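Take a look at the structure set out below.
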Ligand SMILES: CCNC(=N)NC(=O)Nc1c(CC)cccc1CC
Ligand SMILES: [Mn+2]
Ligand SMILES: [Mn+2]
């Protein structure tokens, strides 16, 4: 499977992705007021990514259902379903799962490119910038660090409903396509478990970085 | 807050790379601002205003007016 998301998450979690905005897509009526005043780019990426999500949802048996946004913008999934969506230029992706098998999932997409000026300093711990320099050349480790941190937050928030700052997570990137997220604050979950470390995966292809984190049922 | 509101609007069009006037009560996500652009904007406000501003405030106050008034209380 040459698909980015399907290559870094288990097959148990159906995923769907698109690299353009196919003509004729539209939002569900309950979703239109969410983008009723947004510009063309924000509208297209919103509609296309939710098409991928609903396609991945029907693999799990879930029929056509609107996907709205919560208080902090998180996607509001049907009861029992946990998912994640991401969209950047040239990519729209979505993955869903049942909480009977996975408790959370997060994915993030970024162009394989150096971060803009000044961003790496505000999102990386001093120990992280040193580790990124020691990594082998040929890979924009700075943005792989940024995108993996967004994935850390996207898996953290649905099990926590609390803020996680860039300074609150220590990410160690391994060149073999894996990475770990070490949470530096107290990770109280709504379940009662403490969340201290995440296991992640990443892939670079077609000028795109894609990071993904799946928590296990334990 | 009105003097700073138009000052954030100048910075927003610099990260958004546009030249259109911005309604001060329209959320910036509807204009195409994403997480990376919000970090860019935050660093440009920290420079222009010379004050340490946390990143979580850009989305706690998702409009220009919501951001401007929250910033003068940081003065
Ligand atoms: C490990 C810590 N990293 C994060 N907390 N990252 C985000 O919060 N990113 C983000 C933001 C903040 C700029 C706004 C809207 C949407 C997103 C991504 C869902
Ligand atoms: Mn996006
Ligand atoms: Mn992102």
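Residue numbers (our numbering), protein chains in the order written: chain A, 1 to 218; chain B, 1 to 75.
The beta carbon of each residue, even a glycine, is placed where N, CA and C say it ideally should be.
Item to check | Cβ of residue 20/A within 9 angstroms of any chain B Cβ | outcome: Locating residue 20/A in the first chain gives position 20, counting from the first residue. For residue 20/A, the nearest beta carbon of chain B is not closer than 9 angstroms to its own beta carbon.
Checklist entry - In this structure, does DSSP put residue 186/A in helix, strand or coil? => result Position 186 of the first chain holds residue 186/A. In this structure, residue 186/A counts as coil in the three-state DSSP scheme.
Next on the checklist: Per DSSP, what are the beta-bridge partners of residue 163/A in this structure?
Outcome noted: Here residue 163/A refers to the residue found at position 163 when the first chain is read from its first residue. In DSSP, residue 163/A forms no bridge with anything.
Checklist entry - Where do the ends of the alpha helix (DSSP H) carrying residue 96/A lie? => result Counted from its first residue, the first chain places residue 96/A at position 96. From DSSP, residue 96/A is part of no alpha helix (DSSP H) but of the beta strand (DSSP E) over 91-98.
Checklist entry - Checking contacts by CB at 9 angstroms: is residue 123/A closer than that to chain B? => result As a first step, residue 123/A must be located in the first chain, where it is residue number 123. Flagged as an interface residue toward chain B: residue 123/A, by a C-beta distance shorter than 9 angstroms.
Item to check | Contact set between residue 30/B and chain A, taken where Cβ atoms lie within less than 8 angstroms | outcome: Numbered from 1 along the second chain, position 30 holds the residue referred to as residue 30/B. Chain A residues near residue 30/B: 35, 37, 38, 39 and 42.
Checklist entry - Relative to the C-alpha of residue 52/A, which residue among 198/A, 20/A and 33/A is closest? => result Sequence index remark: in the first chain, residue 52/A carries index 52 (1-based). The shortest Cα separation from residue 52/A among 198/A, 20/A and 33/A belongs to 20/A.
Checklist entry - Do residue 115/A and residue 143/A come within 9 angstroms of each other at the CB atom, strictly closer than that value? => result Locating residue 143/A in the first chain gives position 143, counting from the first residue. Locating residue 115/A in the first chain gives position 115, counting from the first residue. Contact: yes.
Next on the checklist: Quick check on the DSSP output: the alpha helix (DSSP H) that includes residue 105/A runs from which residue to which?
Outcome noted: Within the first chain, residue 105/A is the residue found at index 105, counting from 1. Careful: residue 105/A lies outside any alpha helix (DSSP H), inside the beta strand (DSSP E) at 105-111.
Checklist entry - Would the beta-carbon of residue 208/A fall within 9 angstroms of that of residue 170/A? => result What you label residue 208/A is simply residue 208 of the first chain in a count that begins at 1. What you label residue 170/A is simply residue 170 of the first chain in a count that begins at 1. Contact flag unset, no.
Checklist entry - So residue 37/B is in the alpha helix (DSSP H); what residue range does that whole segment cover? => result For the purposes of this step, residue 37/B is identified with residue 37 of the second chain, where counting begins at 1. It spans 35-49 - the alpha helix (DSSP H) in which residue 37/B sits, taken as one unbroken run.
Next on the checklist: Is residue 34/B a contact residue of ligand 2, with contact defined as CB to any heavy atom under 8 angstroms?
Outcome noted: In the second chain, counting from the first residue as 1, residue 34/B sits at position 34. Here the distance from the Cβ of residue 34/B to the nearest heavy atom of ligand 2 is below 8 angstroms.
Checklist entry - At a cut-off of 8 angstroms, is residue 160/A close to ligand 4 when judged by its beta-carbon and the heavy atoms of the ligand? => result Absence of ligand 4 is noted for the structure shown, with ligand 1, ligand 2 and ligand 3 being the only ligands found.
Next on the checklist: Any beta carbon of chain A sitting closer than 9 angstroms to that of residue 40/B?
Outcome noted: What you label residue 40/B is simply residue 40 of the second chain in a count that begins at 1. By this cut-off, residue 40/B is an interface position.
Next on the checklist: Against chain B, which members of the region 148-180 of chain A pass a CB distance test of less than 8 angstroms?
Outcome noted: Result list: 150, 163, 165 and 166.
Checklist entry - Which residue comes first and which comes last in the beta strand (DSSP E) that contains residue 205/A? => result Mapped onto the first chain, residue 205/A falls at position 205. Per DSSP, residue 205/A belongs to the beta strand (DSSP E) from 197-205.
Checklist entry - Cβ of residue 45/A versus every heavy atom of ligand 2: is any distance shorter than 8 angstroms? => result Walking along the first chain from the start, residue 45/A turns up at place 45. Yes.
Next on the checklist: With distance defined between alpha-carbon atoms, name the residue in 49/B, 71/B, 25/B and 37/B nearest to residue 146/A.
Outcome noted: Looking up residue 146/A in the first chain gives position 146. Among 49/B, 71/B, 25/B and 37/B, the Cα nearest to that of residue 146/A is on 37/B.
Checklist entry - Do residue 45/B and residue 11/B have their C-beta atoms within less than 9 angstroms of each other? => result As a position in the second chain, residue 45/B is number 45, starting the count at 1. As a position in the second chain, residue 11/B is number 11, starting the count at 1. Between residue 45/B and residue 11/B, the gap from beta carbon to beta carbon is short of 9 angstroms.
Item to check | Limits of the alpha helix (DSSP H) - the one that residue 122/A falls within | outcome: Here residue 122/A is taken as the residue at index 122 of the first chain, counted from 1. That run of the alpha helix (DSSP H) goes 119-123.
Checklist entry - Residues in the region 104-121 of chain A with C-beta within 7 angstroms of chain B's C-beta atoms, listed in sequence order? => result Sequence-ordered contacts of the region 104-121 of chain A with chain B read 116, 118 and 119 [C-beta pairs closer than 7 angstroms].
Next on the checklist: Less than 7 angstroms between C-beta atoms, sequence neighbours within five positions excluded: which residues of the same chain meet that for residue 25/A?
Outcome noted: Within the first chain, residue 25/A is the residue found at index 25, counting from 1. Only 47, 48 and 51 meet the Cβ criterion.
Next on the checklist: Using only CA atoms, which one of 81/A, 94/A, 184/A and 151/A lies nearest to residue 100/A?
Outcome noted: As a position in the first chain, residue 100/A is number 100, starting the count at 1. Ranking 81/A, 94/A, 184/A and 151/A by Cα distance to residue 100/A puts 81/A first.
Checklist entry - What's the gap between the Cα of residue 49/B and the Cα of residue 43/B? => result For the purposes of this step, residue 49/B is taken as the residue at position 49 of the second chain. For the purposes of this step, residue 43/B is taken as the residue at position 43 of the second chain. Their backbone Cα atoms lie some 10 angstroms apart in a straight line.
Checklist entry - Taking a cut of 8 angstroms between CB atoms, which residues from the region 6-18 of chain B lie near chain A? => result Of all residues in the region 6-18 of chain B, none is placed with a Cβ closer than 8 angstroms to any Cβ belonging to chain A.
Item to check | chain A contact residues for residue 35/B, given Cβ-Cβ distances below 8 angstroms | outcome: In the second chain, the residue the question calls residue 35/B occupies position 35. Going along chain A in sequence order, the residues near residue 35/B (Cβ under 8 angstroms) are 150.
Checklist entry - Beta carbon of residue 103/A, beta carbon of residue 216/A: below 9 angstroms? => result Numbered from 1 along the first chain, position 103 holds the residue referred to as residue 103/A. Numbered from 1 along the first chain, position 216 holds the residue referred to as residue 216/A. By the CB criterion at 9 angstroms, residue 103/A and residue 216/A fall inside the cutoff.
Next on the checklist: Between which residues of its own chain and residue 185/A is the CB-CB distance below 6 angstroms, once the five residues before and five after are set aside?
Outcome noted: Within the first chain, residue 185/A is the residue found at index 185, counting from 1. Taking residue 185/A as the centre and dropping the five residues before and after it, the same chain places the C-beta of 168 closer than 6 angstroms to its C-beta, in chain order.
Item to check | Three-state secondary structure assigned by DSSP to residue 56/B | outcome: Within the second chain, residue 56/B is the residue found at index 56, counting from 1. Note: residue 56/B maps to coil in three-state DSSP.
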